[PDB]
Amino acid sequence: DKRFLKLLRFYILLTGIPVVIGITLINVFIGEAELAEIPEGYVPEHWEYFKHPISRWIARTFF
Amino acid sequence: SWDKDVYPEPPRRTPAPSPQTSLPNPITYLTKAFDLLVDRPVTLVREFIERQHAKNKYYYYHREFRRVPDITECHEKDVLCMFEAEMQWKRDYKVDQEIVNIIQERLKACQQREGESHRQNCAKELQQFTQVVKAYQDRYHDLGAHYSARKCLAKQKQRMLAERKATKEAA
Amino acid sequence: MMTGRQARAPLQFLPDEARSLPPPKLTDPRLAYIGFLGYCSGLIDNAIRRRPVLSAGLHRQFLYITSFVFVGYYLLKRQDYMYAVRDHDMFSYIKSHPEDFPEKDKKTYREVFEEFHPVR
Amino acid sequence: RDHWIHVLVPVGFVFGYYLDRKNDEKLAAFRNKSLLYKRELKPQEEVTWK
Amino acid sequence: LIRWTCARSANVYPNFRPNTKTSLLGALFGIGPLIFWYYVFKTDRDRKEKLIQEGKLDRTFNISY
Amino acid sequence: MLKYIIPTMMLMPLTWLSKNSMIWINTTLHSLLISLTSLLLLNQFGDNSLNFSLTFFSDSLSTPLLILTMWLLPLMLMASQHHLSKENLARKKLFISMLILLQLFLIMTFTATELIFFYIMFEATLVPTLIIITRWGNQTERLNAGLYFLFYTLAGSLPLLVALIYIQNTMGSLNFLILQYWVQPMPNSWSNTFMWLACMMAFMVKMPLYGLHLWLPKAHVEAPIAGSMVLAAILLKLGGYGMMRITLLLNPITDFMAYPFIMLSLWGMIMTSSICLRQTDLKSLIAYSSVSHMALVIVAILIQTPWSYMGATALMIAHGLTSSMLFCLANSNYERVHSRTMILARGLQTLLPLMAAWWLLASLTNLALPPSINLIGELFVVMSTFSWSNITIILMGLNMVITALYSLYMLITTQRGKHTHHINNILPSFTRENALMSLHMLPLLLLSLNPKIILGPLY
Amino acid sequence: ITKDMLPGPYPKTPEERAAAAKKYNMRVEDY
Amino acid sequence: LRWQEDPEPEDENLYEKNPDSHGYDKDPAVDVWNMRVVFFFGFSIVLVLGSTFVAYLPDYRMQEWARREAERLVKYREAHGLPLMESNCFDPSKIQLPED
Amino acid sequence: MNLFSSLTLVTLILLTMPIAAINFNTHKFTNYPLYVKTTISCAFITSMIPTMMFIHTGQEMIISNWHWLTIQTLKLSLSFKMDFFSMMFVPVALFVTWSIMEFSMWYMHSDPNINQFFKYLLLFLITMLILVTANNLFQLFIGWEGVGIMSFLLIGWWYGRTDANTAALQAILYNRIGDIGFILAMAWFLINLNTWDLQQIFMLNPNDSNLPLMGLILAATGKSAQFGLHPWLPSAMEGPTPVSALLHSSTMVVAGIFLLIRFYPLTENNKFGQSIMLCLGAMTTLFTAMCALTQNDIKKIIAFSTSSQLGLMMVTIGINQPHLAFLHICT
Ligand SMILES: CCCCCCCCCCCCCCCCCC(=O)OC[C@H](COP(=O)([O-])OCC(O)COP(=O)([O-])OC[C@@H](COC(=O)CCCCCCCCCCCCCCCCC)OC(=O)CCCCCCCCCCCCCCCCC)OC(=O)CCCCCCCCCCCCCCCCC
Ligand SMILES: CCCCCCCCCCCCCCCCCC(=O)OC[C@H](COP(=O)([O-])OC[C@H](O)COP(=O)([O-])OC[C@H](COC(=O)CCCCCCCCCCCCCCCCC)OC(=O)CCCCCCCCCCCCCCCCC)OC(=O)CCCCCCCCCCCCCCCCC
Ligand SMILES: CCCCCCCCCCCCCCCCCC(=O)OC[C@H](COP(=O)([O-])OCC[N+](C)(C)C)OC(=O)CCCCCCCCCCCCCCCCC
Ligand SMILES: CCCCCCCCCCCCCCCCCC(=O)OC[C@H](COP(=O)([O-])OCC[N+](C)(C)C)OC(=O)CCCCCCCCCCCCCCCCC
Ligand SMILES: CCCCCCCCCCCCCCCCCC(=O)OC[C@H](COP(=O)([O-])OCC[N+](C)(C)C)OC(=O)CCCCCCCCCCCCCCCCC
């Protein structure tokens, strides 16, 4: 049981700590977008309607 | 922040501290301790993060749906028109849901803010809430889980027949 | 049903008006599925005689695949021909009989009264 | 390849993604024709979605 | 234990005889409560629908359903 | 949807060309990759459903059932690889092929744009399930259980075929997207009464309805563990999915055709929970618990309010995860004591403490502990049935009391008390077993954080 | 476990009653 | 007598020949690599990256859009004295009633 | 504003930190019960500051910090009501729980699962402060069912004992019978007032509140051991002594009383509900104190004592004196 709990915590943290650190790096350096009105004649991209950078990456790459 | 018109707040009136006793209150010392130990480092880290945001600015936009023809000027069983009308109706339904949510937020915020005299001091928010719930209930209640623009139009036609009959029989 | 159509010219697998129709591509998913059936017939043929299933008789597996694709190509040509015949006869019968197919006066939902049944 | 069996399911997903994106081209009869999303084309652009 | 569980589940129906006692207990305990709750909920919903279509049931703030 | 159908078919050469010691690991790995890929279906919109092709689409109802289905395959491979360890290699590959093929049928069952394609896939899901039960089931009763499982479903579904072909001849189409706009009201007549029965009784058997549930505590018990997992987690929810599609067409006749079936399910959730209070078979206790939980989903579909559909799809996903974990816990004790009798192995918390923690959490999700999505679905169904009639709160509350009673009775009976003395082959919990329990429970708990992706098309 | 150690139908003859009482491991007079 | 049948084989213990058994296989290297495949590709990939992926869904079913749009519409029709919602979903001018 | 809300949430997050500590462990701890006792002492210290600056002004706020879900008109948020009731019950419960845990480090010392016991006791405290600080009925239901499940886990602590398992299943039975009325109240408020938030309940202020108050009286009968649903509390003495002392004297069993005090703007306008609460509380405080006169087990006498005092609390709710009832809880 202790070996299972050690392996469970290890394989969660193995990618959880890079995901948490990467999200912190994104939210500090890259960071959240700003709500602006659409400029005249400009048609935005479909992924440019979203606020957080990871949401923009998901809507651009996959969706 | 947010727009103060859609989420209204009456202006704050805090009283000046007028202490009668001589013993120093712990709250001012804990407030200065909070300001020195907590609020200034939080403000410094937030200013650092806001500088990093200001290094690379970019924008997201509010998606503007232009108004398409609604269900009444769509032909019967014309899926290309009534699909657009149905999508328009569903977006309007979800927006009206969020309008009722905004007015509930105003009402509950008023009740907490006014405190003990909330029954007198929140009559306008209660009136706005009763009006918007009356409109929402006449518009979308009893449609069912398979709701559509056809169901809502049939409910509106039944209500308008009832209102026309009641106005006709009153004369 | 359509047995009087192909009675003036009997036992023609593909008539001369079938050539006015575009043939199935050789990358048709139907024809590729028939080729998969040929590969499955090759695998069952290696299995029932206790040969090694994937390895033995690659000439035989390939003749299974080839023969099913070869038959199924002409089967798909006849399929597309008979459905084209069905649509052609449908449209010519609608054209010859306008009194039996009136163009429907379509009303919009502002005039259409549907009874509302509440879910409560 | 020594590990050639570990590219059956991923290449299957790449092939299914390719066939979905190919079928989206055959379903393009209302591209830039819907009453909700029709618009004038931007320069250096011939289709609004692929 | 195996004998007990096989008596409790697997041997019940081969030792069943449809007779007076079992049929009256199967009708009373099987369709009795169904008929009972049917007329209860039908009476309650006919009453609620009659009050709703007369505007008598107070339904002011009811918009979640 | 072809980007999920093609890798599921590529799992067949992946399981037949694998090395003889690698056929579990490769299928587990690549089915986990397919389950990772399943999350692209969360591209949902508030107005439009994610409409792929003429054949496939996915709204917010089919999407959680798809992600649960593609997640269930690696867990079935983990659960079923220990008791099929001494199996022939060819029969082991046939078992894995039946699991992969059942997933292949299900993922294009839920995405069927047209209803007769839904019917073909829906009744195609019988055949791998029947082969799994009647071939890799353990006791003698698997053949009779396969008979009941086959011949309740086909007896219910062959009128459904005539009903769907009738709608095809009348409306001109069985496309669900077209029938969202060409739906006509179904008035009161005897013809439309039997139309309603033909459209609904197949799914009433598959849920199962009370009184027609007699295929279930033999098919779910006499199956192996992968069969029990798929039957409890997906194959009961095919019925609720078909109901939520097909009740588009059955208005307003459902508003009085629903009353006998609402009575059957509101009384069946009391009676099957009472049956769970007196079960000696642990696996049959979980089977009748599944009947008791699906009775609420039947009531929620038949009252057809938005809160009821939201609670019904949340309760379907929650019950899939919870019942699959309860069957896996039952298997984890059956692989040690070789008996499904619940009173035999007692006091197991003294021997297996972390496995008893998994028993505790699955019994808490079974009794709908907030804020689990079990309680979310349970609670929304109770809200909507209260708005339906105010007297249904008596039956819902009495069901919740009996549900807590049999859940914690199961926990106390298997885990608490003095341990059984004459049983000495209680091994420690393997890493496979605890990993199976955690891969059930941890998504079920993480879905409490962001529960909006399991609340259906009308969240 | 086998067939003649499983429960059966209702005993009618006294030798069937004695065989069942032997089966359930108890006295014939107490069965 | 009764027919020719093998006796019931004893249930094997994975911990007798392998005290480090993860319970996947009796071959220890296959067992450890099945453990790593299960743990990595379930927890380290699907659970972690899917919790991140669901956590950052791009406005799932446009609820945030609908709140922002409703704020815009309420901010409009408060300034113009319009009621916040009509009891008629559709304009009564574009509806023909059945006469009586 | 900034000090009040911050120390409010720091109290609850500080109480959740040893749960992360006991879950993220590899070693045998350097005295984890001392760690949880020190944590609850410091949480008492942290909770004293918003209490003092409530005693100064009367400062109240709602912290609706996390939007959780929106069911078409029901925006469910993680919402914390920092009112008179939270400000006077959180430091009392933390001070009592701090003394109960320093008692537990001595009483439960020879127990080899002492870390699990302190984990379970802190989980009870977390669920109880979820209950008493909640602003909507869903989060209050989370704390409600949470203290019910931790009641199960702490009554059946010695799980080899048959009577402990039996009394724990008994307590779950009576509390789910009370939960019938709790979910009746939630269903009524959702259908007739479109809310689970206390604010919209108090501002809409329904007049035909007979049935939801009957549901709330049933919930308090299940939770606070009133007559008809009382016998789980004397059976609940089967657990360890600090379980009894914390949960089944002072902290858990006042939750139905706290539920009926929490709805005081609705019970003040319903004389029928006040009469029901008055008769039920007087029945309970008669019957259980009458049972206590000839008992021989000391923990049964004190359990009938606390159920008699719960009957007295239900009496003083019934006489339209809810703040005296809450004062009697904290006393
Ligand atoms: C932490 C590591 C933990 C272990 C690692 C492994 C974890 C497990 C594996 C996880 C794998 C991934 C899982 C999926 C989730 C992914 C993340 C996600 O979706 O996050 C969602 C959500 C949104 O993230 P986002 O969308 O990226 O941000 C949007 C913003 O626009 C963006 O906001 P922003 O840009 O404005 O902010 C940027 C932010 C970066 O963003 C983040 O950090 C957020 C992302 C991290 C998420 C991590 C989640 C892990 C799980 C957390 C919970 C369990 C933890 C363990 C137990 C803890 C105790 C309980 O920057 C900072 O954090 C820096 C500021 C730090 C302030 C504190 C220090 C100030 C003073 C310093 C003084 C010294 C210097 C002074 C002088 C300096 C001079 C230069 O993030 C969070 O929820 C973050 C967690 C904290 C939330 C608040 C915590 C307190 C709440 C209390 C009240 C509510 C609860 C009450 C309960 C009480 C009891 C009943
Ligand atoms: C997206 C980022 C998310 C980050 C945050 C994650 C949020 C929670 C996720 C799930 C947490 C539970 C899983 C662990 C427990 C199960 C295994 C176990 O027994 O471990 C014991 C073991 C320590 O015990 P041990 O002594 O060594 O051995 C066990 C003993 O032999 C015997 O064991 P025992 O009986 O002594 O101890 C078992 C004990 C027994 O205690 C109980 O069973 C009492 C619990 C029920 C009553 C109290 C809670 C009531 C509800 C209130 C809380 C929720 C709402 C709070 C918000 C405010 C109100 C609205 O249970 C616990 O201690 C569980 C603590 C957490 C309780 C959560 C609720 C579970 C109750 C059932 C469902 C309730 C509704 C759903 C709630 C979902 C909330 C997210 O724990 C570990 O070693 C931890 C392993 C790693 C756990 C990772 C969990 C998250 C994994 C997610 C991966 C992907 C996302 C990345 C984030 C990763 C963050 C780390
Ligand atoms: C799980 C086991 C039991 C399953 C039960 C399944 C449902 C029970 C009822 C099924 C009725 C048969 C299918 C009806 C399909 C309706 C299609 C349609 O157009 O209907 C309108 C049509 C109307 O005729 P029409 O369509 O030609 O005319 C046009 C419509 N009007 C009349 C308005 C002009 O109905 C029928 O023609 C007859 C419908 C009833 C048929 C009764 C025969 C079957 C009796 C019940 C058998 C149940 C299973 C028994 C065996 C169980 C196993 C041993
Ligand atoms: C999905 C349908 C099929 C079902 C089965 C699926 C199986 C396959 C699994 C695939 C991967 C998993 C998919 C679902 C993932 C769900 C999780 C998820 O994404 O969450 C996102 C949620 C989304 O929340 P959110 O919506 O507020 O996110 C904000 C949105 N953004 C980030 C864009 C700004 O993430 C969080 O909530 C993160 C919060 C921080 C971490 C958790 C902190 C709280 C922990 C407890 C604190 C203490 C409380 C007191 C109690 C103490 C203990 C008792
Ligand atoms: C030790 C780890 C802690 C973090 C350390 C590292 C960070 C250092 C300090 C900085 C803090 C992090 C940055 C700021 C935090 C994020 C701010 C933000 O906007 O986040 C987005 C949001 C804030 O809410 P929101 O309203 O912006 O978004 C909600 C998302 N939508 C709108 C799509 C629904 O999410 C969070 O902050 C997530 C944290 C949640 C905390 C509570 C968890 C509850 C767990 C139980 C769940 C079940 C409850 C059910 C009942 C509820 C009541 C009905």
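Each value in this text was obtained by applying a stated rule to the coordinates, not by laboratory testing. A quick note on method: Cβ atoms are made from the backbone with ideal geometry, for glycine too, and the neighbour counts reach across all protein chains shown.
Structure above, values below:
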item	result
Contacts under 8 angstrom Cβ, first residue in segment I:311-331 being part of a helix (DSSP H, G or I), partner loosely packed, with under 15 Cβ neighbours inside 10 Å and among the polar types (S, T, N, Q), 6 or more apart	I:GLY318/I:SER275
Matching residues in chain G - criterion: being within 8 Å of the chain's Cα centre (by Cα) and of a type in the set (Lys, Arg)	G:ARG17, G:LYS22, G:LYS23
Test: residue in segment F:175-187 that is more than 11 Å from every other protein chain (Cβ to nearest Cβ) and among the polar types (S, T, N, Q)	no
Members of segment F:381-400 found to be of a type outside the set (S, T, N, Q), buried (at least 20 other Cβ atoms within 10 Å of the Cβ) and within 8 Å of chain I (Cβ to nearest Cβ), listed by number	F:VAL382, F:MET383, F:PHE386, F:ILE393, F:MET396, F:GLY397, F:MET400
Test: residue in segment F:118-136 that is within 25 Å of the chain's Cα centre (by Cα), more than 19 Å from F:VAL230 (Cα to Cα) and either more than 16 Å from ligand 4 (Cβ to nearest atom) or not in a loop (DSSP other than H, G, I, E, B) (or both)	no
Residue that is nearest to I:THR127 (Cα to Cα) [pool: residues in segment I:139-152 that are hydrophobic (A, V, I, L, M, F, W, C) and within 12 Å of ligand 5 (Cβ to nearest atom)]	I:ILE142
Test for F:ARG432: is it under 30 Å from I:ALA219 (Cα atoms) and of a type in the set (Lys, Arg)	no
Residue check for F:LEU231: part of a loop (DSSP other than H, G, I, E, B), away from ligand 1 (no atom under 16 Å from the Cβ) and crowded, with 21+ Cβ neighbours inside 10 Å	no
Hey, H:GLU5 surrounded by fewer than 16 Cβ atoms within 10 Å (Cβ to Cβ), more than 16 Å from ligand 2 (Cβ to nearest atom) and within 9 Å of chain F (Cβ to nearest Cβ) or not	no
Selection from segment I:33-69 of residues that are within 16 Å of ligand 2 (Cβ to nearest atom) and at the interface with chain B (Cβ under 10 Å from one of its Cβ atoms)	I:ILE62, I:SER64
Test for I:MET290: is it in a helix (DSSP H, G or I) and without any contact (Cβ under 8 Å) to a residue 12 or more places away in the chain	yes
Residue within segment A:10-32 that is more than 13 Å from chain H (Cβ to nearest Cβ) and either part of a strand (DSSP E or B) or among the charged types (D, E, K, R) (or both) present	no
Condition broken by B:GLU98, with the remaining ones in (1) under 24 Å from F:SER308 (Cβ atoms); (2) within 14 Å of chain C (Cβ to nearest Cβ) satisfied	(2)
Top-ranked residue of segment I:77-92 - restricted to ones that are assigned to a strand (DSSP E or B) and closer than 28 Å to I:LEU247 by Cβ, ranked as nearest to ligand 4 (Cβ to nearest atom)	I:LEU78
Scope segment I:111-138; condition surrounded by fewer than 24 Cβ atoms within 10 Å (Cβ to Cβ), among the polar types (S, T, N, Q) and within 14 Å of ligand 5 (Cβ to nearest atom); matching residues	I:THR127
One residue from I:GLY143, I:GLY160 being assigned to a helix (DSSP H, G or I) and more than 25 Å from I:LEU34 (Cα to Cα)	I:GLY143
Residue list for segment B:128-149, filter: in a helix (DSSP H, G or I) and within 12 Å of chain C (Cβ to nearest Cβ)	B:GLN137, B:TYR140, B:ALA149
Tally of residues being farther than 20 Å from F:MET70 by Cβ, at the interface with another protein chain (Cβ under 7 Å from one of its Cβ atoms) and free of Cβ contacts under 8 Å to residues at least 40 places away in the same chain across segment F:431-451	1
Flag for I:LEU15 being outside any loop (DSSP other than H, G, I, E, B), of a type in the set (A, V, I, L, M), touching a residue at least 40 places away in the same chain (Cβ under 8 Å) and surrounded by 19 or more Cβ atoms within 10 Å (Cβ to Cβ)	yes
Single residue of H:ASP27, H:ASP91, H:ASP59 found to be more than 7 Å from every other protein chain (Cβ to nearest Cβ) and either under 24 Å from F:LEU39 (Cβ atoms) or away from ligand 1 (no atom under 16 Å from the Cβ) (or both)	H:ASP91
Residue that is surrounded by the most Cβ atoms within 10 Å (Cβ to Cβ) [pool: residues in segment F:33-79 that are in a loop (DSSP other than H, G, I, E, B), of a type in the set (S, T, N, Q) and facing another protein chain (nearest Cβ under 9 Å)]	F:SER60
Test: I:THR39 is within 16 Å of ligand 4 (Cβ to nearest atom), among the hydroxyl-bearing types (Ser, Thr, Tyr) and assigned to a helix (DSSP H, G or I)	yes
Selection count where residues are of a type in the set (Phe, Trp, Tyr) and either closer than 16 Å to H:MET62 by Cα or within 16 Å of ligand 1 (Cβ to nearest atom) (or both), scope segment F:35-70	1
Selection status of I:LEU204, within 26 Å of I:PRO265 (Cβ to Cβ), more than 16 Å from ligand 5 (Cβ to nearest atom), surrounded by fewer than 24 Cβ atoms within 10 Å (Cβ to Cβ) and more than 17 Å from the chain's Cα centre (by Cα)	yes
Qualifying positions in segment C:90-112 - in a loop (DSSP other than H, G, I, E, B) and more than 7 Å from chain B (Cβ to nearest Cβ)	C:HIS97, C:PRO98, C:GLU99, C:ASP100, C:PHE101, C:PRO102, C:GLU103, C:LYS104, C:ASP105, C:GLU111
